[PDB]
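Structure, as structure tokens:
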Amino acid sequence: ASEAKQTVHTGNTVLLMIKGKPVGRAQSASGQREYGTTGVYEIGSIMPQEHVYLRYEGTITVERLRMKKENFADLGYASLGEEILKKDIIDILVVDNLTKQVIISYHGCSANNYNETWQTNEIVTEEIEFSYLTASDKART
Amino acid sequence: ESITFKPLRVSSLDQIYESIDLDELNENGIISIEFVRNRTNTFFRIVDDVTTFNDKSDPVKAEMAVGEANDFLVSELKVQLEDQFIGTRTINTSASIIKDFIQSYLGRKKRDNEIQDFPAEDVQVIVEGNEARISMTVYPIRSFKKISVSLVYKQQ
Amino acid sequence: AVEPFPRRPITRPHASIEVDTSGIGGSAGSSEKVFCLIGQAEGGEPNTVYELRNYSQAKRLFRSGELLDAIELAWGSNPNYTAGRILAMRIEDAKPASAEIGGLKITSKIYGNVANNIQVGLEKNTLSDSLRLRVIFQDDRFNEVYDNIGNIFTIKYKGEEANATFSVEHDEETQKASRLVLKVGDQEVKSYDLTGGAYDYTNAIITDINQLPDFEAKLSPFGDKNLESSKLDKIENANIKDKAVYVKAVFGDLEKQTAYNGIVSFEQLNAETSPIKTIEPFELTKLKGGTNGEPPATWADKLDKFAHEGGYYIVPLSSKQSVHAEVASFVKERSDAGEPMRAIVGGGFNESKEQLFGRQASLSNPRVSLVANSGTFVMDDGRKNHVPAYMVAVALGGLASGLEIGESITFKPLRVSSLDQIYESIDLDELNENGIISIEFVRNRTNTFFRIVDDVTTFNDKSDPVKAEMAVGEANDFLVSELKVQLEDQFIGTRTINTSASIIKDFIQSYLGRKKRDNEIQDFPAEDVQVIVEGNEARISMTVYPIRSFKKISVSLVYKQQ
Amino acid sequence: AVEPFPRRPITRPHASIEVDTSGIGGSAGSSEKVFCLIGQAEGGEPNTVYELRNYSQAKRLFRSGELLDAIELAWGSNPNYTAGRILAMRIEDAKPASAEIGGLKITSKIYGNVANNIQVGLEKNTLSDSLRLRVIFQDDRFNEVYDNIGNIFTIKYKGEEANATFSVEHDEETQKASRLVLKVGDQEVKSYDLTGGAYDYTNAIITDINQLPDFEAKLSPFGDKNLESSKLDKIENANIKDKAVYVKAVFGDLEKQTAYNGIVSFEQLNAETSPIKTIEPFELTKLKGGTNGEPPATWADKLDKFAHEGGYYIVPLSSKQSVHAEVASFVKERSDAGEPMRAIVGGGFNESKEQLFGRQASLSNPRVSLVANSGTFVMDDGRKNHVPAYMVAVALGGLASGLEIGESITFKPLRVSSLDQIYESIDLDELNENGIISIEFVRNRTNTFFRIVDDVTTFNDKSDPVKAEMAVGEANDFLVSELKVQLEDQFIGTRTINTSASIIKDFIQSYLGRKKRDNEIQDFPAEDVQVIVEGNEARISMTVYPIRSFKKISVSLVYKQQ
């Protein structure tokens with residue numbers, strides 16, 4: 001129940017950072033990976049003798065409520081026009097709120113999809129999809 | 001890459017030295033130019049890149065290749081660190097985030113192949129107030145210099 | 001304990017990078033418990049315990065010695081089981097070095113034979129009628145310089161009158177000089193007693209003098225000088241109408257600035273009621289008299305210093321049998337007092353198993369374990385050191401510190417490069433059966449391990465696991481100690497109006513149930529608890545089953561046709 | 001193993017090409033298991049185990065002996081299968097040669113008679129106030145000469161005074177240099193006290209002396225001459241004005257220039273405090289005392305060194321029964337201690353069967369195997385090396401250490417040019433059934449080989465293939481070693497409460513399941529596995545089928561005239 005004693009990361013305990021700033025009004029974040037695993041089969045038997053890894057695919061999703069200031073478009077972390085070619089890679093960190101310790105990091109993030117919605121009575125929702133080169137979980141120990 | 005063993009335009013030289021003279025001269029920490037001829041093909045070559053500093057125990061001090069690459073590396077790393085960290089609040093910064101940044105910087109550096117692989121785990125940090133201290137371990141770029149061969153005739 | 005070193009003040013925002021042969025080294029990891037060590041060590045205050053969170057602090061304060069090597073073993077033995085926080089105290093009763101030249105008694109913040117390599121000197125700055133200081137600590141190459149020392153502000157009298165005189169009086173009872181009077185043409189304007197009250201600081205005096213239409217007191221820009229008024233120097237009849245009259249606090253300026261020097265302390269020499277020996281320039285001269293002293297014959301006083309510190313594990317870096325007895329007696333006292341502890345001991349090189357039994361015969365105590373093996377370790381900078389057993393004891397202590405309460409050190413690997421002797425299977429059995437903890441060697445296809453065969457204390461009987469296995473006893477120790485301290489807070493500490501025996505029983509059962517939910521304890525009897533209350537006292541009795549580890553496996557193979 | 005002797009680092013980048021008649025006669029092949037040997041060897045030092053990888057290193061390390069002949073076959077016994085990594089150790093307790101003349105003691109790291117042929121002498125060089133040293137070694141054709149030995153940078157004086165005097169003074173309890181002084185006329189100018197600091201380094205002293213306006217310091221022309229001031233010879237009143245003064249350290253400079261040169265090592269003679277005697281020139285002198293000792297009746301102390309070193313297929317290079325008795329007991333203990341061993345032996349130039357039956361009667365341990373034949377091998381040099389049986393055993397051992405785990409040495413070829421004995425079919429049958437290995441000659445269609453008939457060991461009972469034959473035992477030995485390590489890691493360091501019989505059973509099936517996929521074993525009856533658990537103890541039984549091998553066939557012929 002207490003802040004420190006809870007063995008499980010609630011959404012409250014977690015903080016999301018980009019380039020030395022927190023991301024305000026964040027709502028969701030998902031990370032998916034595929035090692036390109038395959039099975040080896042031969043004439044001798046149907047059962048797969050071994051499994052091997054072929055290709056590494058890594059994507060992370062983020063959703064956000066469009067603030068009147070400090071949006072991804074305003075902040076330059078995301079781009080709309082041809083300016084994207086002038087945007088370098090980005091690194092994302094997911095952080096423990098209590099001590100600012102690192103939980104997991106995404107390296108070499110680059111954008112894939114950018115989505116935006118407006119509606120009569122809902123809050124403006126901003127979504128973006130990032131593809132990255134590697135993901136590492138170090139500096140914890 | 002080093003200047004070692006690469007050719008030169010020079011038509012002729014005043015002096016040519018013996019192998020022992022080159023060895024003594026090279027070990028003293030002095031650059032020399034050697035003449036090579038084989039199969040009617042003549043060049044003048046840089047024997048080595050060692051500097052005036054004496055101690056071979058410090059390659060970063062003795063040789064140009066280590067120092068030159070090291071000089072640019074620190075210049076690039078220093079600029080990035082100053083921009084990322086200095087103009088930010090201490091309260092949101094900590095040791096762990098610093099450690100991740102370094103690994104990412106060394107990660108992208110390795111992909112470019114400007115360095116050999118590095119022991120990511122060796123990196124560790126301390127933080128106190130407005131001050132922080134960092135230590136890291138990295139391996140250099142080597143270079144193959146000498147070889148040895150032998151011959152045997154078995155009459156068949 | 002004391003975390004000795006606070007921040008260094010900084011001057012500029014910058015990033016600096018410098019190649020080196022060595023790095024910052026290890027670091028203390030998160031830990032439930034604390035690890036205490038005593039040993040030969042250069043640097044630091046004798047008979048004082050220091051807490052260390054990083055190897056950098058250990059280098060910075062425990063400048064060298066086998067103790068510092070022990071810390072490296074504690075954190076470097078296993079990255080997964082890195083040792084926790086550290087408490088350290090040097091056995092050697094080192095002395096400071098001292099220099100008494102130029103009206104100043106100069107002493108070293110450093111204690112030991114190194115302290116004589118400190119050089120300090122004063123110089124005369126003819127440019128501003130001021131003294132100058134330089135401090136060089138050659139071994140650490142630490143160079144410091146101060147200039148314009150003593151001069152705070154200048155006074156000019158601007159009027160046409162014949163003579164303006166500045167005077168400061170002296171008190172001989174306390175040796176202070178606490179008056180400052182401006183007189184012009186045998187007439188006085190104001191007098192400032194420098195004994196607090198109206199003119200405690202020189203700032204108010206400067207404000208007071210500046211208000212006078214015929215005078216101006218102007219601040220010296222060379223160094224912050226807002227010293228208290230009482231620190232002004234003895235001054236007698238200085239002509240204010242002249243080009244410049246200086247107001248001086250030579251010791252006061254020294255006292256403030258020199259406090260920030262990392263090597264030196266300053267005292268003002270009283271002549272040998274004797275007046276003050278004048279502070280004057282002198283040659284940069286070595287300090288003298290700093291030594292390491294000798295270790296005490298008995299370490300009991302040192303061990304008593306660690307009482308009420310919470311360090312569960314303590315390791316003396318020695319092989320002396322008497323010293324081991326002192327620790328065992330000390331640990332016995334603390335355990336009964338309410339502060340459980342464990343001691344890890346190991347002596348000499350390749351000591352005979354019979355001598356090990358001799359130590360066992362002399363000493364049989366569950367609160368201590370005796371390590372037999374001696375070996376060599378590869379450490380920072382590539383140096384490999386061949387060391388006695390008590391350095392191996394640190395590795396066991398550092399390992400056990402990192403491990404959780406419920407997990408034993410049994411069978412875990414160790415990084416030690418090699419061992420003096422390779423015990424056989426029978427040799428190992430004799431040691432373990434006789435309450436001796438040892439190290440075992442095994443070889444893979446292309447790998448080699450050094451393993452801790454089992455947890456055993458000097459206590460021999462196998463009947464009771466808590467007595468034999470320190471891991472089991474440790475689990476009981478932390479369970480009870482954590483329970484009681486919590487219980488003290490709720491009922492004794494916190495104001496409780498009423499309490500019944502049954503209420504205590506429920507609270508105990510609530511506590512135990514939580515531990516099971518955290519997997520700290522496997523099982524226990526719920527109905528076995530007993531509570532009795534008698535006036536102002538209560539008796540509590542309960543039982544919990546110790547955890548059992550996996551020891552033996554026996555295998556047989558049968559070959560057959562088809 | 002004791003590390004192989006090093007080599008000088010790179011001097012210059014180049015391509016060194018040379019010609020030798022013999023060159024490399026062999027080298028190591030990729031392997032996991034290791035091959036061990038002991039025998040007579042001229043080189044190295046005794047009671048030491050060395051790691052061999054190439055023939056040239058062993059040849060240089062062991063200049064002569066039966067060892068290299070045994071080694072050469074092992075790396076060339078078969079084109080495909082080679083022994084791989086080899087451990088070797090010389091039996092006899094050889095000693096180095098020595099000489100003690102002119103304040104110096106000369107000793108050779110090489111132990112043996114040949115060391116006496118080393119000639120070392122000192123010559124006086126008046127042109128530079130120095131000594132020359134020459135070494136001659138006929139057998140290795142190793143010669144070394146050095147000039148201007150014992151000279152350190154000179155000093156000269158420039159002032160007016162009648163004299164400038166220099167001295168070097170020594171510590172009375174160590175004979176080390178403690179102080180050296182420069183003096184001008186009747187007055188002293190400077191001195192350097194050898195207590196650390198810049199006073200240790202002649203490089204700094206050159207700078208410090210040059211800084212003096214009246215003194216000059218200049219270095220020798222023959223390469224570097226830097227040396228610590230501690231090594232400087234005692235000098236008194238060296239006149240600096242008229243001529244430059246030479247700084248002397250004959251011992252220090254000699255050691256540096258003669259560095260490496262392991263054929264010769266130097267010790268300074270303590271004159272009969274035993275003062276450091278002055279070094280004197282002396283004519284070239286043959287060393288003495290270089291000897292090769294006798295082999296003791298018991299090599300058990302020698303054999304124990306190989307324990308805990310991961311060896312396999314040991315081969316002792318001797319025929320006498322006493323050695324074979326020791327090793328048979330030794331390997332037995334190795335099997336007990338979880339590091340199983342196997343051995344291959346020979347009986348000399350037996351060339352007869354009846355003696356073998358007596359020997360086989362003596363030895364019937366399953367862990368040892370005997371070979372009967374003796375023959376001639378052709379070396380790289382081409383010598384018709386006629387050798388006893390126990391050299392042929394090495395070829396078998398060299399082949400076996402290269403062959404894979406699950407295959408036998410049976411029926412495979414051999415390099416041997418010729419044999420002393422060829423047997424009948426009945427003789428082979430009787431010999432084979434007795435439990436003795438033999439080599440047979442086969443010729444058909446003008447194609448001749450020598451083959452290993454079988455792999456049976458000295459153990460008699462055919463009813464136990466795991467005991468009788470190498471293929472079952474070798475594979476079985478590795479299997480248990482791998483399984484044992486995994487089980488210890490998985491289970492021992494875990495709590496009993498979460499462990500049970502069923503999980504143990506599943507683990508075994510998975511281990512045997514993945515083993516079967518690798519095809520290292522035949523299929524196994526998974527159901528047969530069953531377990532019992534009680535407290536900290538568990539018992540396991542399993543059934544497995546071995547790897548078979550097809551040996552004999554039978555054919556018949558019929559002609560039907562059409």
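Scheme for the structure tokens: letters A, B, ... for chains in order shown; per-chain residue numbers from 1; ligand numbers from 1 in order shown.
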Could you pull out the residues in chain B that DSSP calls strand (DSSP E) from the backbone, as JSON, numbers by chain? {"B": [33, 34, 35, 36, 37, 42, 43, 44, 45, 46, 124, 125, 126, 127, 128, 131, 132, 133, 134, 135, 147, 148, 149, 150, 151]}
Given only C-alpha atoms, how would the per-residue table for chain C near chain D read, listing every residue at most 12 Å away with its closest atom pair and distance in Å to one decimal, sorted by chain and number, as a Markdown table?
```
| residue | atom | partner | partner_atom | distance |
| --- | --- | --- | --- | --- |
| C:117 | CA | D:197 | CA | 11.1 |
| C:138 | CA | D:197 | CA | 9.8 |
| C:139 | CA | D:197 | CA | 9.7 |
| C:406 | CA | D:495 | CA | 9.5 |
| C:407 | CA | D:494 | CA | 8.2 |
| C:408 | CA | D:493 | CA | 7.9 |
| C:409 | CA | D:493 | CA | 8.6 |
| C:410 | CA | D:493 | CA | 6.6 |
| C:411 | CA | D:493 | CA | 6.2 |
| C:412 | CA | D:493 | CA | 7.4 |
| C:413 | CA | D:489 | CA | 10.1 |
| C:421 | CA | D:308 | CA | 11.2 |
| C:422 | CA | D:308 | CA | 8.4 |
| C:423 | CA | D:308 | CA | 10.6 |
| C:424 | CA | D:337 | CA | 7.3 |
| C:425 | CA | D:337 | CA | 6.7 |
| C:426 | CA | D:337 | CA | 9.4 |
| C:427 | CA | D:337 | CA | 11.3 |
| C:428 | CA | D:337 | CA | 11.7 |
| C:440 | CA | D:308 | CA | 11.6 |
| C:441 | CA | D:308 | CA | 8.6 |
| C:442 | CA | D:308 | CA | 8.5 |
| C:443 | CA | D:310 | CA | 7.4 |
| C:444 | CA | D:485 | CA | 7.7 |
| C:445 | CA | D:32 | CA | 7.1 |
| C:446 | CA | D:32 | CA | 7.7 |
| C:447 | CA | D:310 | CA | 10.3 |
| C:448 | CA | D:310 | CA | 10.1 |
| C:449 | CA | D:485 | CA | 10.8 |
| C:451 | CA | D:489 | CA | 10.7 |
| C:452 | CA | D:493 | CA | 10.8 |
| C:453 | CA | D:492 | CA | 10.2 |
| C:454 | CA | D:493 | CA | 9.9 |
| C:455 | CA | D:493 | CA | 11.5 |
| C:472 | CA | D:495 | CA | 11.9 |
| C:519 | CA | D:498 | CA | 11.3 |
| C:520 | CA | D:495 | CA | 11.7 |
| C:521 | CA | D:497 | CA | 10.8 |
| C:522 | CA | D:497 | CA | 7.6 |
| C:523 | CA | D:497 | CA | 9.6 |
| C:545 | CA | D:497 | CA | 11.7 |
| C:546 | CA | D:495 | CA | 11.0 |
| C:547 | CA | D:495 | CA | 7.2 |
| C:548 | CA | D:496 | CA | 5.8 |
| C:549 | CA | D:495 | CA | 4.7 |
| C:550 | CA | D:492 | CA | 4.8 |
| C:551 | CA | D:536 | CA | 5.5 |
| C:552 | CA | D:537 | CA | 4.9 |
| C:553 | CA | D:538 | CA | 5.1 |
| C:554 | CA | D:539 | CA | 4.9 |
| C:555 | CA | D:540 | CA | 4.8 |
| C:556 | CA | D:541 | CA | 5.1 |
| C:557 | CA | D:542 | CA | 5.5 |
| C:558 | CA | D:543 | CA | 5.0 |
| C:559 | CA | D:544 | CA | 5.5 |
| C:560 | CA | D:545 | CA | 5.2 |
| C:561 | CA | D:545 | CA | 6.0 |
| C:562 | CA | D:545 | CA | 6.6 |
```
Got a sec: who's within 7 Å of range 507-513 of chain D, counting only C-alpha atoms, leaving out chain neighbours fewer than 4 positions off, as a ChimeraX atom specification? /D:503,517,526
Polymer residues at most 10 Å from residue 176 in chain D, only C-alpha atoms, same-chain spacing of 2 or more positions, as a list in words: residues 169, 170, 171, 172, 173, 174, 178, 179, 194, 229, 230, 231, 232, 233, 234 and 276 of chain D
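Once chain D is fitted to chain C over the full set of C-alpha atoms, matched in order, the RMSD stands at 2.2 Å.
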Name all residues at most 10 Å from residue 138 in chain A (count only C-alpha atoms; drop same-chain ones fewer than 3 positions away) and give them as an mmCIF file with N, CA, C and O atoms, in the first residue's frame.
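Result file follows (part.cif):
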```cif
data_model
loop_
_atom_site.group_PDB
_atom_site.id
_atom_site.type_symbol
_atom_site.label_atom_id
_atom_site.label_comp_id
_atom_site.auth_asym_id
_atom_site.auth_seq_id
_atom_site.Cartn_x
_atom_site.Cartn_y
_atom_site.Cartn_z
ATOM 1 N N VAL A 102 16.798 4.474 -13.185
ATOM 2 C CA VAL A 102 16.376 4.045 -14.511
ATOM 3 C C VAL A 102 15.795 2.646 -14.423
ATOM 4 O O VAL A 102 16.293 1.787 -13.687
ATOM 5 N N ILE A 103 14.729 2.423 -15.184
ATOM 6 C CA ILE A 103 14.056 1.137 -15.260
ATOM 7 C C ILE A 103 14.320 0.460 -16.599
ATOM 8 O O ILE A 103 14.576 -0.743 -16.656
ATOM 9 N N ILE A 104 14.253 1.224 -17.689
ATOM 10 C CA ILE A 104 14.552 0.708 -19.018
ATOM 11 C C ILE A 104 14.775 1.896 -19.939
ATOM 12 O O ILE A 104 14.190 2.965 -19.749
ATOM 13 N N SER A 105 15.627 1.703 -20.944
ATOM 14 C CA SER A 105 16.011 2.757 -21.872
ATOM 15 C C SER A 105 15.884 2.260 -23.302
ATOM 16 O O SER A 105 16.125 1.082 -23.582
ATOM 17 N N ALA A 135 17.392 -1.729 -27.199
ATOM 18 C CA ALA A 135 16.822 -1.441 -25.894
ATOM 19 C C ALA A 135 17.676 -2.105 -24.823
ATOM 20 O O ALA A 135 17.990 -3.295 -24.919
ATOM 21 N N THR A 141 21.962 -2.099 -11.579
ATOM 22 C CA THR A 141 22.929 -2.753 -10.707
ATOM 23 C C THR A 141 24.286 -2.836 -11.393
ATOM 24 O O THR A 141 24.384 -2.730 -12.616
ATOM 25 N N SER B 96 22.040 7.278 -12.684
ATOM 26 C CA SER B 96 21.665 6.214 -13.608
ATOM 27 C C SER B 96 21.446 6.749 -15.017
ATOM 28 O O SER B 96 21.898 6.143 -15.995
ATOM 29 N N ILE B 97 20.757 7.884 -15.142
ATOM 30 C CA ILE B 97 20.524 8.464 -16.461
ATOM 31 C C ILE B 97 21.843 8.850 -17.115
ATOM 32 O O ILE B 97 22.017 8.704 -18.331
ATOM 33 N N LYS B 99 24.648 7.308 -16.691
ATOM 34 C CA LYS B 99 25.264 6.063 -17.128
ATOM 35 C C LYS B 99 24.667 5.587 -18.445
ATOM 36 O O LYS B 99 25.390 5.116 -19.331
ATOM 37 N N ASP B 100 23.347 5.703 -18.594
ATOM 38 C CA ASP B 100 22.703 5.261 -19.826
ATOM 39 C C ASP B 100 23.154 6.105 -21.010
ATOM 40 O O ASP B 100 23.383 5.585 -22.107
ATOM 41 N N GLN B 103 26.567 4.945 -22.277
ATOM 42 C CA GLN B 103 26.487 3.690 -23.013
ATOM 43 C C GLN B 103 25.924 3.914 -24.409
ATOM 44 O O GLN B 103 26.397 3.318 -25.384
ATOM 45 N N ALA B 120 30.740 -2.215 -21.337
ATOM 46 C CA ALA B 120 29.661 -1.338 -20.894
ATOM 47 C C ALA B 120 29.470 -1.369 -19.381
ATOM 48 O O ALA B 120 29.193 -0.331 -18.770
ATOM 49 N N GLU B 121 29.609 -2.541 -18.760
ATOM 50 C CA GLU B 121 29.382 -2.645 -17.323
ATOM 51 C C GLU B 121 30.361 -1.801 -16.517
ATOM 52 O O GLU B 121 30.005 -1.316 -15.438
#
```
Give me, as an mmCIF file with N, CA, C and O atoms, in the first residue's frame, all polymer residues having an atom no more than 12 Å from residue 430 in chain D, counting only C-alpha atoms and skipping those fewer than 5 positions away in the same chain.
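Output below, filename result_28.cif:
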```
data_model
loop_
_atom_site.group_PDB
_atom_site.id
_atom_site.type_symbol
_atom_site.label_atom_id
_atom_site.label_comp_id
_atom_site.auth_asym_id
_atom_site.auth_seq_id
_atom_site.Cartn_x
_atom_site.Cartn_y
_atom_site.Cartn_z
ATOM 1 N N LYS D 353 55.732 -62.548 -25.870
ATOM 2 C CA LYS D 353 54.371 -62.559 -25.339
ATOM 3 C C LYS D 353 54.334 -62.980 -23.874
ATOM 4 O O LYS D 353 53.529 -62.455 -23.097
ATOM 5 N N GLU D 354 55.191 -63.924 -23.482
ATOM 6 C CA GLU D 354 55.094 -64.502 -22.146
ATOM 7 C C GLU D 354 55.335 -63.452 -21.071
ATOM 8 O O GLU D 354 54.668 -63.451 -20.029
ATOM 9 N N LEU D 356 54.566 -60.394 -21.263
ATOM 10 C CA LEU D 356 53.370 -59.563 -21.200
ATOM 11 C C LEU D 356 52.307 -60.202 -20.321
ATOM 12 O O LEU D 356 51.609 -59.508 -19.572
ATOM 13 N N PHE D 357 52.168 -61.527 -20.397
ATOM 14 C CA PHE D 357 51.194 -62.212 -19.555
ATOM 15 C C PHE D 357 51.515 -62.000 -18.083
ATOM 16 O O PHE D 357 50.615 -61.783 -17.265
ATOM 17 N N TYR D 423 52.157 -61.257 -35.552
ATOM 18 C CA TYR D 423 51.596 -62.407 -34.861
ATOM 19 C C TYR D 423 50.596 -63.141 -35.741
ATOM 20 O O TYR D 423 50.085 -62.596 -36.725
ATOM 21 N N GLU D 424 50.325 -64.389 -35.371
ATOM 22 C CA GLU D 424 49.315 -65.185 -36.046
ATOM 23 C C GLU D 424 47.919 -64.790 -35.574
ATOM 24 O O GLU D 424 47.746 -64.059 -34.595
ATOM 25 N N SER D 425 46.912 -65.291 -36.290
ATOM 26 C CA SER D 425 45.531 -65.030 -35.905
ATOM 27 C C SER D 425 45.230 -65.606 -34.526
ATOM 28 O O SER D 425 44.602 -64.951 -33.688
ATOM 29 N N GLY D 435 43.567 -59.257 -22.810
ATOM 30 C CA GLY D 435 43.388 -57.862 -22.463
ATOM 31 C C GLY D 435 44.615 -57.027 -22.757
ATOM 32 O O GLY D 435 45.025 -56.202 -21.933
ATOM 33 N N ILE D 436 45.210 -57.230 -23.930
ATOM 34 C CA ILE D 436 46.422 -56.535 -24.341
ATOM 35 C C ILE D 436 46.215 -55.998 -25.748
ATOM 36 O O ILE D 436 45.655 -56.689 -26.606
ATOM 37 N N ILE D 437 46.666 -54.769 -25.980
ATOM 38 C CA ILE D 437 46.547 -54.144 -27.290
ATOM 39 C C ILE D 437 47.684 -54.624 -28.179
ATOM 40 O O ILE D 437 48.804 -54.864 -27.710
ATOM 41 N N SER D 438 47.396 -54.770 -29.469
ATOM 42 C CA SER D 438 48.373 -55.207 -30.450
ATOM 43 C C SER D 438 48.204 -54.405 -31.731
ATOM 44 O O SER D 438 47.165 -53.786 -31.971
#
```
Quick one: residues within 12 Å of residue 54 in chain B, only C-alpha atoms counted, chain neighbours fewer than 3 positions away excluded, as a PyMOL selection string? (chain B and resi 25-30+50-51+57-63) or (chain D and resi 224)
Once you count only C-alpha atoms, what closest atom pair and distance in Å to one decimal does each residue of chain D within 6 Å of chain B have, with rows by chain and rising residue number, as JSON lines?
```
{"residue": "D:12", "atom": "CA", "partner": "B:23", "partner_atom": "CA", "distance": 5.9}
{"residue": "D:13", "atom": "CA", "partner": "B:146", "partner_atom": "CA", "distance": 4.7}
{"residue": "D:14", "atom": "CA", "partner": "B:146", "partner_atom": "CA", "distance": 5.3}
{"residue": "D:15", "atom": "CA", "partner": "B:147", "partner_atom": "CA", "distance": 5.5}
{"residue": "D:16", "atom": "CA", "partner": "B:148", "partner_atom": "CA", "distance": 5.0}
{"residue": "D:17", "atom": "CA", "partner": "B:149", "partner_atom": "CA", "distance": 5.2}
{"residue": "D:18", "atom": "CA", "partner": "B:150", "partner_atom": "CA", "distance": 5.3}
{"residue": "D:19", "atom": "CA", "partner": "B:151", "partner_atom": "CA", "distance": 5.0}
{"residue": "D:20", "atom": "CA", "partner": "B:152", "partner_atom": "CA", "distance": 5.9}
{"residue": "D:21", "atom": "CA", "partner": "B:152", "partner_atom": "CA", "distance": 5.7}
```
Listing only residues of chain C within 12 Å of chain A, what is the closest atom pair and its distance in Å (to one decimal) for each, using only C-alpha atoms, sorted by chain and residue number ascending, as JSON lines?
```
{"residue": "C:27", "atom": "CA", "partner": "A:141", "partner_atom": "CA", "distance": 10.5}
{"residue": "C:28", "atom": "CA", "partner": "A:141", "partner_atom": "CA", "distance": 10.7}
{"residue": "C:29", "atom": "CA", "partner": "A:141", "partner_atom": "CA", "distance": 7.9}
{"residue": "C:30", "atom": "CA", "partner": "A:141", "partner_atom": "CA", "distance": 9.1}
{"residue": "C:78", "atom": "CA", "partner": "A:141", "partner_atom": "CA", "distance": 11.8}
{"residue": "C:79", "atom": "CA", "partner": "A:141", "partner_atom": "CA", "distance": 8.2}
{"residue": "C:80", "atom": "CA", "partner": "A:141", "partner_atom": "CA", "distance": 7.9}
{"residue": "C:81", "atom": "CA", "partner": "A:141", "partner_atom": "CA", "distance": 10.2}
{"residue": "C:82", "atom": "CA", "partner": "A:141", "partner_atom": "CA", "distance": 9.4}
{"residue": "C:517", "atom": "CA", "partner": "A:7", "partner_atom": "CA", "distance": 11.9}
{"residue": "C:518", "atom": "CA", "partner": "A:7", "partner_atom": "CA", "distance": 9.9}
```
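Going from CA of residue 371 in chain D to CA of residue 345 in chain D covers 6.6 Å.
Minimum atom-to-atom distances from A:114, A:130, A:106, A:72 to chain B were compared using only C-alpha atoms, and the lowest value belongs to A:106.
Nearest to chain A of all the residues B:70, B:104, B:90, B:155 is B:104, counting only C-alpha atoms.
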Could the residues of chain A within 8 Å of chain B, counting only C-alpha atoms, be given as a PyMOL selection string, please? chain A and resi 19-21+93+100-102+105+107+138-140
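Checking B:13, B:86, B:136, B:141 one by one against residue 110 in chain B, counting only C-alpha atoms, you find the shortest gap at B:141.
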For the structure I just gave you, how does DSSP split range 33-151 of chain B - specifically, which residues are alpha helix (DSSP H)? Reply as a PyMOL selection string. chain B and resi 59-62+64-81+95-111
What gap, in Å, lies between CA of residue 38 in chain A and CA of residue 55 in chain A? 10.0 Å
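When CA of residue 382 in chain C is paired with CA of residue 52 in chain B, their separation reads 27.2 Å.
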